[PDB]
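The block underneath contains the structure these notes are about, expressed in structure tokens.
Counting neighbours? That spans all protein chains shown, and the Cβs are built from the backbone with ideal geometry, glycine included. Bear in mind these aren't lab numbers, they're just calculated from the coordinates by the rules spelled out.
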Amino acid sequence: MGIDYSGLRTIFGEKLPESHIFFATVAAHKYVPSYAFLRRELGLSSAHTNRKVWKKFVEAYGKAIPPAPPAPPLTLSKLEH
């Protein structure tokens with residue numbers, strides 16, 4: 001859970017979400033909070049375009065994926081697990 005893939009895939013689903021949930025919700029913040037941790041951590045200056053960073057991040061998003069939900073989703077996860 002060293003990079004914020006798994007919380008966004010296990011809690012939000014199809015692609016990476018917006019910064020109002022990403023900077024403020026634990027489901028995303030237990031990992032990295034946003035493009036500030038992710039541009040400094042990813043080695044590349046990705047944060048210039050949400051679609052381009054999210055695509056490099058989305059290219060990662062198939063690398064730490066087990067085929068089942070682990071520890072982060074809750075049974076009332078915002079609008080359930």
Check: Inside the stretch 39-62, can you point out the residues that are closer than 17 Å to residue 9 by Cα and loosely packed, with under 13 Cβ neighbours inside 10 Å?
Finding: 51, 59, 62
Next item on the list: Quick one: count up the residues across the stretch 35-60 that are assigned to a loop (DSSP other than H, G, I, E, B) and closer than 20 Å to residue 20 by Cα.
Entry: 4
Item checked: Answer residue from the stretch 7-24, given it is out of contact with any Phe, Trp or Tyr (no Cβ under 9 Å at 6 or more places or on another chain) and β-branched (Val, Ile, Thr) and is nearest to residue 67 (Cα to Cα) among those -> 10
Note to self: Checking the conditions here, which among 32, 26 is among the β-branched types (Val, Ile, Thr) and either surrounded by 13 or more Cβ atoms within 10 Å (Cβ to Cβ) or farther than 18 Å from residue 1 by Cα (or both)?
What the structure shows: 32
Notebook entry, point to check: Does the stretch 1-30 hold any residues that are in a helix (DSSP H, G or I) and either of a type in the set (A, V, I, L, M, F, W, C) or free of Cβ contacts under 8 Å to residues at least 40 places away in the same chain (or both), and which are they?
Noted result: 8, 11, 19, 20, 21, 22, 26, 27, 28, 29
